[PDB]
């Protein structure tokens, strides 16, 4: 059996994510943005971190690789609104999609990847990287599904030796999230399930 925190994490990381490309900024206030997606929908996205306060102005184009915080709403004006958190980046692409270096260990033993995708975007928010890594761990490596796979961490090491890491036994800390990173500058990504 697992505890309720682990159950919340399983529900959170096994639901998918929302992807929108070339959306347009309608408004940008403190802690949030109102964006119009190319399909007509509107996205209201919150940004709780002072370290990651998107500065895009009205009219600029952006990409969304985010998670919904609640069910979308059909409004009176007839507008479809999404409620999401974080995951807004510029629209720049890499010359060719790259394969991020992810090494996973379960109980000290190496665990081979399955369906780990390629990425063609120059920058990705750390929260996006967090849900992509954890999704792979939950779907393929059993993270959060049983009591013997409830913790560990993932660590991203950049070329300059700087690091980013997240504790798998807790939800990603959105309130202190750092700015998006250039994924081609990532040297290694390691994930260990205790």
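Positions refer to the first chain, counted from 1.
The stretch 151-159 shows the higher mean C-alpha B-factor when 151-159 is compared against 42-50 in the entry.
Stretch comparison (22-30 versus 141-149) by mean CA B-factor in the PDB entry places 141-149 on top. Compared with the other modelled residues of the chain, the Cα B-factor recorded for residue 81 ranks in the middle third. Among the modelled residues of its chain, residue 66 has a C-alpha B-factor that falls in the lowest third, as given in the PDB entry. When the modelled residues of the chain are ordered by C-alpha B-factor, residue 124 sits in the middle third. The entry lists a Cα temperature factor for residue 37 that places it in the lowest third of the chain's modelled residues. When the modelled residues of the chain are ordered by C-alpha B-factor, residue 169 sits in the lowest third.
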